[PDB]
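To start, the structure itself, in structure tokens.
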Amino acid sequence: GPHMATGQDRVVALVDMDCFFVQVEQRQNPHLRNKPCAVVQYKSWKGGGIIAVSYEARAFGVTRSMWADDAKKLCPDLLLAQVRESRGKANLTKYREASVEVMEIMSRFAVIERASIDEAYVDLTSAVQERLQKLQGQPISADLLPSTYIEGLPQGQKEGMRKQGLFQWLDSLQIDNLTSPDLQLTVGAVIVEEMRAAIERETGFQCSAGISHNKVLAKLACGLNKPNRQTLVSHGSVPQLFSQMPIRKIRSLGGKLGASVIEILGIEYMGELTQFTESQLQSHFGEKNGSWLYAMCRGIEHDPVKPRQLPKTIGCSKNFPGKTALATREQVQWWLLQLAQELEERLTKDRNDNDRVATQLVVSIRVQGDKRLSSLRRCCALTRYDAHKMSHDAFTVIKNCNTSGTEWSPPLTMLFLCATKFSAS
DNA sequence: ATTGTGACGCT
DNA sequence: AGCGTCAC
Ligand SMILES: Nc1ncnc2c1ncn2[C@H]1C[C@H](O)[C@@H](COP(=O)(O)OP(=O)(O)OP(=O)(O)O)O1
Ligand SMILES: [Mg+2]
Ligand SMILES: [Mg+2]
């Protein structure tokens, strides 16, 4: 009724860089632009592992987590850029620095939460109020939304359809009310057009975006029309959108929890969740998950956009698969040193840029044949940015896993050093 | 031999 | 604290 809150209080956007690592390499190397091309890590085992794919290459079936030799079977003219290698491992610095370029531009418009190297949430509520009082009541022109899709429209040529749906949306709009959620979302979309234009002008990079009333819907919306487009998901669009939406497509339901929702309740689509009471969902999935599911299948989610532009952790990882697994003490020490030297470099740069110091060192390892992705995770004190000290401390922390009598067994298939617990400096 | 990250929850 | 989940 009148007291049923509808989750329409905020305007939230999710901005995701289109095939980001590919775009970084295409900016640097113009011969790669507007071509089927991918970014690969390493090169010896089956041509290297593909970690990013241009849309031209995706059209041939090339995907992430495919070996380059196999991708070339699907796409013989595929062009490749290789991740930089330093100290014997992939080094992602070029892409982190490109990400900072983009995040700093986004921060001019609004508060952002860095969700990953190429994705950020945007809290647009106050920016929209400012822009609405700036409008002082005139309507919003289609010309202000040149790359926006309105999900669910038109109802009742891809670009022609986009424009039909946008016209239907704008003709319906009630610009009289500075508190209409649909109007607020529309102004949000105008601002995100401007943000995306600024990113492309000032970096060369293109991105897609979603605009809705919360983070989950904004991320879902972002996925609906890619690349280089943005999508508005209104509250009213949720029943139809969710009526055929697989549960696994909603952020956080792509794993075991979503699988159990499907199996326990005997449903397939998000919208089917509305039939259950909050207490029923809590009985199957716990108090927190159940309340979250009850609201989310109605389009309602409360998770705030956190004011956080910088990562909370600075980590360095390397897998040693198959016969490259580490089998001697010297090997383990040398790779701990390699990881620690990259970590020291990134930490010293982080301290200069961002006025903070990490205080905890996490050391994690995998042992051969262990079913888990991480076998062991132990922490120690991080007191100075010294690679030799950090590597000696990581070894001191993990050495009691060695069961032998200069040899290391069982061989180690992953090493991981992470700097955490930052404090202002 | 589907890597190298990074965020968050549980107990 | 250490382990597990989730999403790229
Ligand atoms: N599993 C992974 N391993 C390594 N790097 C990854 C992985 N997933 C994503 N990345 C990196 C490379 C991507 O360019 C970047 C952004 O990831 P993501 O947003 O899913 O895809 P994308 O930006 O390449 O394409 P899209 O246009 O679909 O967003 O992060
Ligand atoms: Mg992306
Ligand atoms: Mg992304």
Side-chain angles (χ1 to χ4, degrees), chain A residues 14 16-17 19-21 39-53 62-71 82-86 88-96 99 113-121 215-216 219-220 222-223 248-260 285-289 292 303-306 308-325 339 342-343 346 360-366 368-381 397-398 411 413-422:
Chain A
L14 184 275
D16 184 295
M17 311 302 308
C19 59
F20 184 46
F21 288 17
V39 173
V40 59
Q41 294 184 314
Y42 307 119
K43 206 79 191 68
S44 285
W45 189 266
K46 295 164 181 197
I50 290 170
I51 59 172
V53 189
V62 181
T63 67
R64 204 173 37 235
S65 89
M66 167 180 285
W67 298 116
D69 291 349
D70 306 328
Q82 293 185 64
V83 173
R84 172 187 296 126
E85 163 275 305
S86 300
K89 66 180 291 299
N91 156 23
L92 307 169
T93 298
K94 186 194 304 185
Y95 315 106
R96 291 192 183 97
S99 177
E113 175 183 343
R114 180 200 202 267
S116 79
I117 195 160
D118 85 307
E119 290 198 352
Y121 294 95
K215 288 158 76 161
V216 165
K219 168 70 157 150
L220 190 63
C222 183
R248 67 183 178 267
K249 305 297 186 176
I250 291 322
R251 214 201 65 231
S252 81
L253 297 182
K256 303 189 175 164
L257 171 62
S260 74
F285 311 113
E287 176 185 326
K288 183 174 127 283
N289 283 333
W292 185 85
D303 187 21
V305 178
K306 276 145 204 81
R308 187 200 66 240
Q309 192 174 342
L310 309 172
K312 313 171 50 103
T313 58
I314 292 183
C316 291
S317 174
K318 186 166 175 45
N319 290 357
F320 304 92
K323 47 183 217 83
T324 68
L339 286 189
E342 180 189 330
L343 185 56
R346 286 165 58 191
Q360 184 175 74
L361 181 71
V362 182
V363 191
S364 179
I365 72 186
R366 207 161 155 201
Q368 189 132 57
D370 170 321
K371 68 169 180 65
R372 331 212 292 300
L373 267 189
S374 164
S375 300
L376 180 175
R377 192 280 209 161
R378 307 251 193 276
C379 75
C380 63
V397 152
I398 72 163
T413 49
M414 184 268 293
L415 296 180
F416 175 73
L417 295 184
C418 189
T420 68
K421 316 278 262 273
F422 284 87

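Below, chains carry the letters A, B, ... as their sequence lines are ordered, and counting in each starts from 1. All values below come from the heavy atoms of this structure, side chains included, with hydrogens, waters and symmetry mates left out.
To the nearest 0.5 Å, atoms CE (A:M17) and OG (A:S116) are separated by 11.0 Å. The CZ atom of A:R96 lies 8.5 Å from the CD1 atom of A:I314; values are rounded to the nearest 0.5 Å. Considering CD1 of A:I365 and CZ of A:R378, their distance stands at 9.0 Å, rounded to 0.5 Å. Once rounded to the nearest 0.5 Å, the distance linking CG of A:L257 with CD1 of A:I250 reads 12.5 Å.
As rounded to whole Å, 6 Å separates atom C1' of B:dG4 from atom CD of A:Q41. The interatomic distance linking A:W67 (CH2) with B:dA1 (P) rounds to 9 Å, in whole Å. The CG-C1' distance, from A:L339 to B:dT3, rounds to 13 Å in whole Å. A:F320 places its CZ atom 12 Å from the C1' atom of B:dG4, with the value rounded to the nearest Å.
For CD of A:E287, the number of neighbouring non-hydrogen atoms (other residues, nucleotides, ligands) closer than 6.0 Å is 12 at most.
With hydrogens and angles disregarded, a donor-acceptor distance shorter than 3.5 Å links the side chain of A:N289 to the backbone of A:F285.
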Heavy atoms under 4.0 Å is the rule here; annotate nucleotides 6-11 of chain B 5' to 3' with B where the base is hit, S where only the sugar-phosphate is, and - elsewhere. SSSSS-
I'd like to compare against my own output: the B/S/- annotation of nucleotides 3-8 of chain C with a strict under-4.0 Å heavy-atom distance to protein. SSSSSS
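Between A:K43 and B:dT3 there is no side-chain polar atom (N or O) within less than 4.0 angstrom of OP1 or OP2. The shortest distance between the side-chain N/O atoms of A:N319 and the OP1/OP2 oxygens of B:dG4 is below 4.0 Å. Look at A:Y42 and you'll find a side-chain N or O under 4.0 angstrom from OP1 or OP2 of B:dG4.
Taking the six-membered ring where the residue is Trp, A:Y95 and A:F21 present parallel rings, their angle staying beneath 30° rather than reaching 60°.
Among the protein residues, A:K46 comes within range of no part of the nucleic acid, since none of its heavy atoms lies under 4.0 Å from any strand.
Of the two residues contacting DNA chain B, namely A:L92 and A:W45, the nearest-nucleotide position lying further toward the 5' end is that of A:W45.
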Under the side-chain contact (heavy atoms from CB on, under 4.5 Å) criterion, do A:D118 and A:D16 qualify, and how do the steps go? CA-CA 6 Å; A:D118 85 307; A:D16 184 295; 2.8 Å; yes
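For A:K318, there are no salt bridge (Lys or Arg N to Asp or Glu O under 4.0 Å) partners at least two apart in sequence or on another chain.
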